[PDB]
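The structure under discussion appears below in the form of structure tokens.
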Amino acid sequence: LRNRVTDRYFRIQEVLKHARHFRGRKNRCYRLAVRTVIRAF
Amino acid sequence: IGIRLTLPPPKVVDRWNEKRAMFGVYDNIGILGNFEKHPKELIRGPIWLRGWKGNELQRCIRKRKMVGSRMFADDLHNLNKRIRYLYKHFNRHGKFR
Amino acid sequence: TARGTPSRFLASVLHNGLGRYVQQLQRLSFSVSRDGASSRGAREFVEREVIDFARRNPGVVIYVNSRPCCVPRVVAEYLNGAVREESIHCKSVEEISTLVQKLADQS
Amino acid sequence: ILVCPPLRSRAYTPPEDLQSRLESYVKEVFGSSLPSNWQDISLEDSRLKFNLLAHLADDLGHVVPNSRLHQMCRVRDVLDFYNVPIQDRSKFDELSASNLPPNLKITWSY
Amino acid sequence: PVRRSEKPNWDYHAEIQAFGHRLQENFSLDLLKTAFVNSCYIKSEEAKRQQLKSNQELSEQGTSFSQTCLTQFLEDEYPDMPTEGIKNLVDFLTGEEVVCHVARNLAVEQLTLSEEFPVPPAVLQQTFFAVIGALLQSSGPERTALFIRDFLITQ
Amino acid sequence: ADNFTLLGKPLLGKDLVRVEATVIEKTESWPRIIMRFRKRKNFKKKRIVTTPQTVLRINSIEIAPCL
């Protein structure tokens, strides 16, 4: 299993720090959050 | 959480081993030794890959042709199946014709 | 996004420019490495441009620390207690000069 | 057992009477009968070139490198090379010896 | 919170020179050092040596010039305010909050030699007025009056 | 000012009024998001800008008798 991804936490943290002040599961679940940060921008 | 909570053990590397200090030596043996010797036969490895590159299908055909006789039964069956599949894919599938 | 970020009003530090202008940059700390290919441009900046900058800004103290590091950095400390750390990793001398003059012009 | 003499520095100031020591040295190697333009005597003879450059290196403590041995075609080029000054100093010392303003401080953590 | 002296990148003489140069005043170096060193620092270092000149003259000179100078500016700009109000406006400008705010944003606190961090407000006020007295001794009444005008009328 | 004002047509005289300002800051704005998105077409673009900015302090406004 060579060449695995190791900074996926930091990518998710970028999207979630833009999603932090939301309401519901969209401030912490990456899928629902990334579908809303796009609309915010 | 797929990330380490502690630092990994330090990977110390010695740049001056036997192998690292003497990598590449004798690689000009043909052009510096009256062409008695070839780098292709300096290469050490499997007997069916010494001075020969090939793609995957050609590698499988060469392996079956060269060491297929002294090969294990299920390994030979797997190699025959792989050759059949690679023939079908390379000759029948793809974007460019 | 404005709604997810802090905000403030337009202001000066101590009514700056009324009686006199005081440069709000106080200190510049340059962490540079001797053998870093990342620190090559910072090394050229220390060789050529930091002396002229220090002469042009006598109110700013410039410390240069040559120590083994992978990412060369600059810390700008401002009179109201402000700290701004920037990476000068793999930047050329003109980009580093632009960044340092930007830090001098900032409050 | 053989003792190592200590490592020499590369700092070289050209001596003031470099012309006269070169006159002397070219008189012992190339002979007494000078061409009037002693600048343009060739160094195509490798034995005479070795004698001159070895005498100059042994006396002055500075040797021409192998990257410049082919460039030293004439004693004028040799004089130019020995007139060029080179300096050996750590560059922390160079930056300190440069006239630092009193608000610029350099630390050397090496 | 740890003072900028114990924070790593620091040199006191360079900070003093840059303080004078960024304030654009031709300070005397020894006068500024005596204006920054306090008596509590002397007592603490005496105890530490068990295990020189204070601010007081410079502080009183700077305080007295600050009172007289600010009173003169206020009663020249506003001749119709009486003595109680002029005095109280001078007390507001030389008060604890204004002087400590000005000293903190002019980095007097970083250069102040004291015993406790953060610097107590009375200590900071005394050090600021000692800086004023050092400027009065170094440059002259008109220049330090311009300094007072700037850094207190702006408040 | 109080009790009177002057109106230019469209600009007042330089002998009549001066404004004096002081460049006191040269900074940059907070990062601005420029984001494009069109649905069902895989259209998604993101850009960050920092516009330069200059803070001026208006020191004095002076008028002269020229009317």
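Within each chain, counting starts at residue 1; across the structure tokens, chains are named A, B, ... in the order shown, with ligands numbered 1 upward in that order.
Once segment 13-20 of chain C and its same-chain neighbours fewer than 5 positions away are set aside, residues 80 and 107 of chain C; 102, 105, 149, 150, 151, 154 and 155 of chain E; 22, 24, 57 and 59 of chain F remain within 8 Å of it when counting only C-alpha atoms.
All residues of protein, DNA or RNA that reach within 9 Å of residue 21 of chain A, judged by only C-alpha atoms and not counting those fewer than 4 positions away in the chain, are residues 17 and 27 of chain A; 3 and 4 of chain C.
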Nearby residues (only C-alpha atoms) at most 7 Å from segment 6-12 of chain A, same-chain spacing under 2 positions excluded, as a PyMOL selection string: (chain A and resi 4+14-16+30) or (chain B and resi 3)
Restricting it to N, CA, C and O atoms, dump the selection as a PDB file, in the first residue's frame.
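Just written: out31.pdb:
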```pdb
ATOM      1  N   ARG A   4       0.325   6.436   0.170  1.00  0.00           N
ATOM      2  CA  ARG A   4      -0.924   6.814   0.816  1.00  0.00           C
ATOM      3  C   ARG A   4      -0.904   8.295   1.182  1.00  0.00           C
ATOM      4  O   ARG A   4       0.151   8.928   1.262  1.00  0.00           O
ATOM      5  N   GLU A  14      -8.785  22.667   6.616  1.00  0.00           N
ATOM      6  CA  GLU A  14      -8.981  23.901   5.856  1.00  0.00           C
ATOM      7  C   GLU A  14     -10.459  24.129   5.551  1.00  0.00           C
ATOM      8  O   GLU A  14     -11.019  25.206   5.842  1.00  0.00           O
ATOM      9  N   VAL A  15     -11.120  23.103   5.008  1.00  0.00           N
ATOM     10  CA  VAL A  15     -12.541  23.271   4.693  1.00  0.00           C
ATOM     11  C   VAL A  15     -13.372  23.472   5.966  1.00  0.00           C
ATOM     12  O   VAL A  15     -14.295  24.299   6.003  1.00  0.00           O
ATOM     13  N   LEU A  16     -13.014  22.793   7.056  1.00  0.00           N
ATOM     14  CA  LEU A  16     -13.807  22.894   8.275  1.00  0.00           C
ATOM     15  C   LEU A  16     -13.573  24.206   9.017  1.00  0.00           C
ATOM     16  O   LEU A  16     -14.491  24.704   9.679  1.00  0.00           O
ATOM     17  N   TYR A  30     -17.440  16.627   6.824  1.00  0.00           N
ATOM     18  CA  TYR A  30     -16.700  17.269   5.738  1.00  0.00           C
ATOM     19  C   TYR A  30     -17.530  17.384   4.467  1.00  0.00           C
ATOM     20  O   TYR A  30     -17.431  18.385   3.754  1.00  0.00           O
TER      21      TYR A  30
ATOM     22  N   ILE B   3      -3.576   9.869  11.438  1.00  0.00           N
ATOM     23  CA  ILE B   3      -2.325  10.614  11.543  1.00  0.00           C
ATOM     24  C   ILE B   3      -1.655  10.257  12.866  1.00  0.00           C
ATOM     25  O   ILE B   3      -2.325  10.007  13.873  1.00  0.00           O
TER      26      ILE B   3
END
```
Spatial neighbours of segment 52-67 of chain D, 8 Å, only C-alpha atoms, chain gap at least 6 places, as a list in words: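 Listed by chain and then number, they are residues 10, 12, 25, 26, 29, 81 and 82 of chain D.
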Test item, alpha helix (DSSP H) assignment across chain B, answer as an MDAnalysis selection string: chainID B and resid 18:21 29:32 39:42 56:67 73:92
Can I get the selection written as a tab-separated table (two decimals), in the first residue's frame, with N, CA and C atoms?
```
chain	number	residue	atom	x	y	z
B	18	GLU	N	29.45	0.68	1.54
B	18	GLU	CA	30.04	-0.02	0.41
B	18	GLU	C	29.24	0.25	-0.86
B	19	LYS	N	27.93	0.01	-0.79
B	19	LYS	CA	27.08	0.07	-1.97
B	19	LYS	C	26.92	1.50	-2.47
B	20	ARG	N	26.65	2.44	-1.56
B	20	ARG	CA	26.45	3.83	-1.98
B	20	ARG	C	27.76	4.47	-2.42
B	21	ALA	N	28.86	4.17	-1.73
B	21	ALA	CA	30.15	4.73	-2.11
B	21	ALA	C	30.65	4.16	-3.42
B	29	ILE	N	32.65	-0.12	-18.43
B	29	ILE	CA	33.63	-1.18	-18.64
B	29	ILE	C	33.77	-1.51	-20.12
B	30	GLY	N	32.70	-1.37	-20.90
B	30	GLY	CA	32.81	-1.63	-22.33
B	30	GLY	C	33.64	-0.59	-23.05
B	31	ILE	N	33.35	0.69	-22.81
B	31	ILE	CA	34.06	1.76	-23.50
B	31	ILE	C	35.41	2.07	-22.87
B	32	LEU	N	35.73	1.47	-21.72
B	32	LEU	CA	37.03	1.67	-21.08
B	32	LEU	C	37.80	0.37	-20.90
B	39	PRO	N	27.56	-3.68	-19.94
B	39	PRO	CA	26.74	-3.36	-18.76
B	39	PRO	C	25.45	-4.18	-18.65
B	40	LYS	N	24.91	-4.64	-19.79
B	40	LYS	CA	23.71	-5.47	-19.75
B	40	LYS	C	23.97	-6.79	-19.04
B	41	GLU	N	25.19	-7.31	-19.11
B	41	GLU	CA	25.57	-8.49	-18.35
B	41	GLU	C	26.27	-8.14	-17.05
B	42	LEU	N	26.53	-6.85	-16.80
B	42	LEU	CA	26.78	-6.42	-15.43
B	42	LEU	C	25.51	-6.46	-14.59
B	56	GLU	N	4.41	-5.05	-19.94
B	56	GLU	CA	3.91	-6.11	-19.07
B	56	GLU	C	3.61	-7.39	-19.86
B	57	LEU	N	2.93	-7.26	-21.00
B	57	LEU	CA	2.60	-8.43	-21.81
B	57	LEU	C	3.86	-9.09	-22.35
B	58	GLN	N	4.81	-8.30	-22.85
B	58	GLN	CA	6.06	-8.86	-23.37
B	58	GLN	C	6.87	-9.52	-22.27
B	59	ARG	N	6.85	-8.94	-21.06
B	59	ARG	CA	7.52	-9.55	-19.92
B	59	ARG	C	6.90	-10.90	-19.58
B	60	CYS	N	5.57	-10.99	-19.62
B	60	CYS	CA	4.91	-12.26	-19.32
B	60	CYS	C	5.20	-13.32	-20.38
B	61	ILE	N	5.17	-12.93	-21.67
B	61	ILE	CA	5.51	-13.87	-22.75
B	61	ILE	C	6.95	-14.34	-22.62
B	62	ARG	N	7.88	-13.42	-22.33
B	62	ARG	CA	9.28	-13.79	-22.19
B	62	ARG	C	9.50	-14.71	-20.99
B	63	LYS	N	8.80	-14.45	-19.88
B	63	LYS	CA	8.93	-15.31	-18.71
B	63	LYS	C	8.41	-16.72	-19.00
B	64	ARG	N	7.26	-16.82	-19.67
B	64	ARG	CA	6.71	-18.14	-19.99
B	64	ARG	C	7.60	-18.87	-20.99
B	65	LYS	N	8.20	-18.14	-21.93
B	65	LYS	CA	9.07	-18.77	-22.91
B	65	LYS	C	10.38	-19.24	-22.29
B	66	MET	N	10.94	-18.47	-21.35
B	66	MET	CA	12.27	-18.77	-20.85
B	66	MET	C	12.26	-19.69	-19.63
B	67	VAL	N	11.45	-19.39	-18.62
B	67	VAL	CA	11.44	-20.20	-17.41
B	67	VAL	C	10.08	-20.84	-17.16
B	73	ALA	N	3.06	-24.97	-10.74
B	73	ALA	CA	1.86	-25.27	-11.52
B	73	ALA	C	0.85	-24.13	-11.47
B	74	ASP	N	0.51	-23.66	-10.27
B	74	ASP	CA	-0.49	-22.60	-10.17
B	74	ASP	C	0.08	-21.26	-10.60
B	75	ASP	N	1.39	-21.06	-10.42
B	75	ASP	CA	2.04	-19.86	-10.95
B	75	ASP	C	2.01	-19.86	-12.48
B	76	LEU	N	2.22	-21.02	-13.10
B	76	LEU	CA	2.14	-21.14	-14.55
B	76	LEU	C	0.72	-20.89	-15.03
B	77	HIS	N	-0.27	-21.42	-14.31
B	77	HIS	CA	-1.67	-21.20	-14.68
B	77	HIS	C	-2.03	-19.72	-14.57
B	78	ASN	N	-1.55	-19.06	-13.51
B	78	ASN	CA	-1.77	-17.62	-13.35
B	78	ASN	C	-1.10	-16.83	-14.46
B	79	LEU	N	0.12	-17.23	-14.86
B	79	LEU	CA	0.82	-16.54	-15.94
B	79	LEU	C	0.11	-16.72	-17.27
B	80	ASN	N	-0.41	-17.92	-17.54
B	80	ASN	CA	-1.17	-18.16	-18.76
B	80	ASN	C	-2.44	-17.33	-18.80
B	81	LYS	N	-3.15	-17.25	-17.67
B	81	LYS	CA	-4.34	-16.41	-17.58
B	81	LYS	C	-4.01	-14.94	-17.76
B	82	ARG	N	-2.90	-14.49	-17.17
B	82	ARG	CA	-2.47	-13.10	-17.32
B	82	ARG	C	-2.12	-12.79	-18.76
B	83	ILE	N	-1.46	-13.72	-19.45
B	83	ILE	CA	-1.13	-13.53	-20.86
B	83	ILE	C	-2.40	-13.43	-21.70
B	84	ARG	N	-3.38	-14.29	-21.42
B	84	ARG	CA	-4.65	-14.26	-22.15
B	84	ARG	C	-5.38	-12.93	-21.94
B	85	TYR	N	-5.46	-12.48	-20.68
B	85	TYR	CA	-6.12	-11.22	-20.38
B	85	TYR	C	-5.40	-10.03	-21.01
B	86	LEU	N	-4.07	-10.03	-20.94
B	86	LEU	CA	-3.31	-8.91	-21.48
B	86	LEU	C	-3.39	-8.87	-23.00
B	87	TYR	N	-3.43	-10.05	-23.64
B	87	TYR	CA	-3.67	-10.10	-25.08
B	87	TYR	C	-5.01	-9.47	-25.42
B	88	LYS	N	-6.07	-9.87	-24.71
B	88	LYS	CA	-7.40	-9.34	-24.99
B	88	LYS	C	-7.46	-7.83	-24.77
B	89	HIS	N	-6.85	-7.34	-23.69
B	89	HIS	CA	-6.89	-5.91	-23.39
B	89	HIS	C	-6.07	-5.10	-24.40
B	90	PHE	N	-4.84	-5.52	-24.67
B	90	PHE	CA	-3.97	-4.74	-25.53
B	90	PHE	C	-4.39	-4.81	-26.99
B	91	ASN	N	-5.07	-5.88	-27.41
B	91	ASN	CA	-5.44	-6.01	-28.80
B	91	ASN	C	-6.89	-5.65	-29.08
B	92	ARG	N	-7.73	-5.47	-28.05
B	92	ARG	CA	-9.14	-5.23	-28.28
B	92	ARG	C	-9.71	-4.02	-27.55
```
Near-segment 47-56 of chain F list (9 Å; only C-alpha atoms; drop same-chain fewer than 6 positions) as a VMD selection string: (chain C and resid 10 17) or (chain F and resid 21 to 36)
Take the residues just selected and output them with N, CA and C atoms as a PDB file, in the first residue's frame.
```pdb
ATOM      1  N   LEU C  10     -11.374  51.522  11.228  1.00  0.00           N
ATOM      2  CA  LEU C  10     -10.140  52.189  10.832  1.00  0.00           C
ATOM      3  C   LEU C  10      -9.562  52.957  12.013  1.00  0.00           C
ATOM      4  N   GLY C  17       0.690  60.458  12.902  1.00  0.00           N
ATOM      5  CA  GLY C  17       0.686  61.450  11.851  1.00  0.00           C
ATOM      6  C   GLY C  17       0.100  62.790  12.228  1.00  0.00           C
TER       7      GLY C  17
ATOM      8  N   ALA F  21      -2.812  66.400   3.772  1.00  0.00           N
ATOM      9  CA  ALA F  21      -2.922  65.027   4.229  1.00  0.00           C
ATOM     10  C   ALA F  21      -1.528  64.462   4.448  1.00  0.00           C
ATOM     11  N   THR F  22      -1.479  63.332   5.141  1.00  0.00           N
ATOM     12  CA  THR F  22      -0.226  62.664   5.462  1.00  0.00           C
ATOM     13  C   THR F  22      -0.396  61.188   5.164  1.00  0.00           C
ATOM     14  N   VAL F  23       0.441  60.655   4.278  1.00  0.00           N
ATOM     15  CA  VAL F  23       0.552  59.208   4.151  1.00  0.00           C
ATOM     16  C   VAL F  23       1.084  58.678   5.471  1.00  0.00           C
ATOM     17  N   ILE F  24       0.278  57.874   6.166  1.00  0.00           N
ATOM     18  CA  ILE F  24       0.712  57.267   7.415  1.00  0.00           C
ATOM     19  C   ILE F  24       0.730  55.750   7.363  1.00  0.00           C
ATOM     20  N   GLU F  25       0.086  55.109   6.387  1.00  0.00           N
ATOM     21  CA  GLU F  25       0.191  53.656   6.318  1.00  0.00           C
ATOM     22  C   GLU F  25       0.108  53.179   4.878  1.00  0.00           C
ATOM     23  N   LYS F  26       0.920  52.175   4.549  1.00  0.00           N
ATOM     24  CA  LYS F  26       0.835  51.454   3.281  1.00  0.00           C
ATOM     25  C   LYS F  26       0.694  49.974   3.604  1.00  0.00           C
ATOM     26  N   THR F  27      -0.520  49.451   3.465  1.00  0.00           N
ATOM     27  CA  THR F  27      -0.849  48.104   3.898  1.00  0.00           C
ATOM     28  C   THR F  27      -1.546  47.370   2.759  1.00  0.00           C
ATOM     29  N   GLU F  28      -2.066  46.188   3.068  1.00  0.00           N
ATOM     30  CA  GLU F  28      -2.869  45.414   2.139  1.00  0.00           C
ATOM     31  C   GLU F  28      -4.174  45.016   2.811  1.00  0.00           C
ATOM     32  N   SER F  29      -5.189  44.764   1.995  1.00  0.00           N
ATOM     33  CA  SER F  29      -6.482  44.369   2.524  1.00  0.00           C
ATOM     34  C   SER F  29      -6.430  42.942   3.059  1.00  0.00           C
ATOM     35  N   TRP F  30      -7.454  42.592   3.834  1.00  0.00           N
ATOM     36  CA  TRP F  30      -7.665  41.204   4.205  1.00  0.00           C
ATOM     37  C   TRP F  30      -7.970  40.394   2.945  1.00  0.00           C
ATOM     38  N   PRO F  31      -7.619  39.105   2.921  1.00  0.00           N
ATOM     39  CA  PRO F  31      -7.806  38.310   1.697  1.00  0.00           C
ATOM     40  C   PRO F  31      -9.268  38.202   1.286  1.00  0.00           C
ATOM     41  N   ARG F  32      -9.524  38.486   0.011  1.00  0.00           N
ATOM     42  CA  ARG F  32     -10.855  38.453  -0.572  1.00  0.00           C
ATOM     43  C   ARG F  32     -11.001  37.224  -1.455  1.00  0.00           C
ATOM     44  N   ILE F  33     -12.114  36.517  -1.260  1.00  0.00           N
ATOM     45  CA  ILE F  33     -12.442  35.296  -1.984  1.00  0.00           C
ATOM     46  C   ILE F  33     -13.164  35.686  -3.263  1.00  0.00           C
ATOM     47  N   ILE F  34     -12.688  35.184  -4.395  1.00  0.00           N
ATOM     48  CA  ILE F  34     -13.407  35.273  -5.660  1.00  0.00           C
ATOM     49  C   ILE F  34     -13.678  33.838  -6.077  1.00  0.00           C
ATOM     50  N   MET F  35     -14.935  33.417  -6.011  1.00  0.00           N
ATOM     51  CA  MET F  35     -15.258  32.029  -6.275  1.00  0.00           C
ATOM     52  C   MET F  35     -16.386  31.921  -7.287  1.00  0.00           C
ATOM     53  N   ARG F  36     -16.156  31.109  -8.310  1.00  0.00           N
ATOM     54  CA  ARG F  36     -17.119  30.821  -9.360  1.00  0.00           C
ATOM     55  C   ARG F  36     -17.574  29.375  -9.241  1.00  0.00           C
TER      56      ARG F  36
END
```
Tell me, counting only C-alpha atoms, for each residue of chain A within 9 Å of chain F, which pair of atoms is nearest and how far apart they are in Å to one decimal, in rows ordered by chain and increasing number, as JSON lines.
```
{"residue": "A:38", "atom": "CA", "partner": "F:37", "partner_atom": "CA", "distance": 7.7}
{"residue": "A:39", "atom": "CA", "partner": "F:37", "partner_atom": "CA", "distance": 8.2}
{"residue": "A:41", "atom": "CA", "partner": "F:35", "partner_atom": "CA", "distance": 5.7}
```
Go ahead and dump the residues you just picked, C-alpha atoms, as a PDB file, in the first residue's frame.
```pdb
ATOM      1  CA  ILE A  38     -18.685  26.725  -1.796  1.00  0.00           C
ATOM      2  CA  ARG A  39     -22.082  28.425  -1.648  1.00  0.00           C
ATOM      3  CA  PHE A  41     -17.972  31.991  -1.219  1.00  0.00           C
TER       4      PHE A  41
END
```
Check: which chain B residues lie within 12 Å of chain A using only C-alpha atoms, as a list in words: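 Residues of chain B within 12 Å of chain A, counting only C-alpha atoms: residues 1, 2, 3 and 4 of chain B.
Residues in contact with residue 67 of chain C at 7 Å, where only C-alpha atoms are counted and same-chain residues fewer than 5 positions away are skipped, are listed as residues 32, 33 and 34 of chain C; 108, 109 and 110 of chain D.
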Go ahead and save the picked residues with N, CA and C atoms, as a PDB file, in the first residue's frame.
```pdb
ATOM      1  N   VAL C  32      17.917  32.689   9.362  1.00  0.00           N
ATOM      2  CA  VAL C  32      18.467  32.259   8.084  1.00  0.00           C
ATOM      3  C   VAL C  32      19.445  31.123   8.360  1.00  0.00           C
ATOM      4  N   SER C  33      19.663  30.277   7.357  1.00  0.00           N
ATOM      5  CA  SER C  33      20.565  29.140   7.466  1.00  0.00           C
ATOM      6  C   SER C  33      21.724  29.290   6.489  1.00  0.00           C
ATOM      7  N   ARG C  34      22.880  28.746   6.876  1.00  0.00           N
ATOM      8  CA  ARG C  34      24.087  28.892   6.069  1.00  0.00           C
ATOM      9  C   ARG C  34      24.044  28.008   4.828  1.00  0.00           C
TER      10      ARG C  34
ATOM     11  N   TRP D 108      25.973  34.218  15.010  1.00  0.00           N
ATOM     12  CA  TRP D 108      26.454  33.077  14.234  1.00  0.00           C
ATOM     13  C   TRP D 108      26.319  31.823  15.092  1.00  0.00           C
ATOM     14  N   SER D 109      25.189  31.135  14.962  1.00  0.00           N
ATOM     15  CA  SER D 109      24.938  29.907  15.717  1.00  0.00           C
ATOM     16  C   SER D 109      25.429  28.675  14.961  1.00  0.00           C
ATOM     17  N   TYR D 110      26.693  28.697  14.551  1.00  0.00           N
ATOM     18  CA  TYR D 110      27.274  27.597  13.793  1.00  0.00           C
ATOM     19  C   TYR D 110      28.615  27.180  14.385  1.00  0.00           C
TER      20      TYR D 110
END
```
Contacts of residue 90 of chain C within 7 Å, only C-alpha atoms, excl. fewer than 5 positions in-chain, as a ChimeraX atom specification: /C:38-39,41
Residues as selected, N, CA and C atoms, written as a compact mmCIF listing (two decimals), in the first residue's frame, can you do that?
```txt
# COMPACT_ATOMS: atom_id res chain seq x y z
N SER C 38 16.81 26.49 0.33
CA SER C 38 15.63 27.31 0.59
C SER C 38 16.00 28.69 1.11
N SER C 39 17.11 28.81 1.83
CA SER C 39 17.52 30.07 2.43
C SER C 39 18.50 30.84 1.54
N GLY C 41 18.03 32.78 -1.14
CA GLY C 41 17.62 34.15 -1.42
C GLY C 41 17.73 35.04 -0.20
```
Distance of atom CA of residue 65 of chain E from atom CA of residue 77 of chain E, expressed in Å to one decimal place: 18.0 Å
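Across the model, the gap from atom CA of residue 60 of chain E to atom CA of residue 97 of chain E is 18.8 Å.
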DSSP-assigned strand (DSSP E or B) among chain D, expressed as a list in words: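 Assigned to strand (DSSP E or B), within chain D: residues 12, 42, 74, 86, 104, 105, 106, 107 and 108 of chain D.
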Dump of C-alpha atoms for the selected residues, as a tab-separated table (two decimals), in the first residue's frame:
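Everything below was put into again.tsv:
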```tsv
chain	number	residue	atom	x	y	z
D	12	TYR	CA	47.49	36.80	-0.06
D	42	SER	CA	56.29	33.13	-24.16
D	74	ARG	CA	52.93	34.93	-20.61
D	86	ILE	CA	42.62	37.07	-2.73
D	104	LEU	CA	21.97	45.67	12.78
D	105	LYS	CA	23.17	42.73	14.89
D	106	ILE	CA	24.41	39.42	13.49
D	107	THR	CA	24.66	36.19	15.50
D	108	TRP	CA	26.45	33.08	14.23
```
Atom pair atom CA of residue 82 of chain E / atom CA of residue 96 of chain E: separation (Å): 23.2 Å
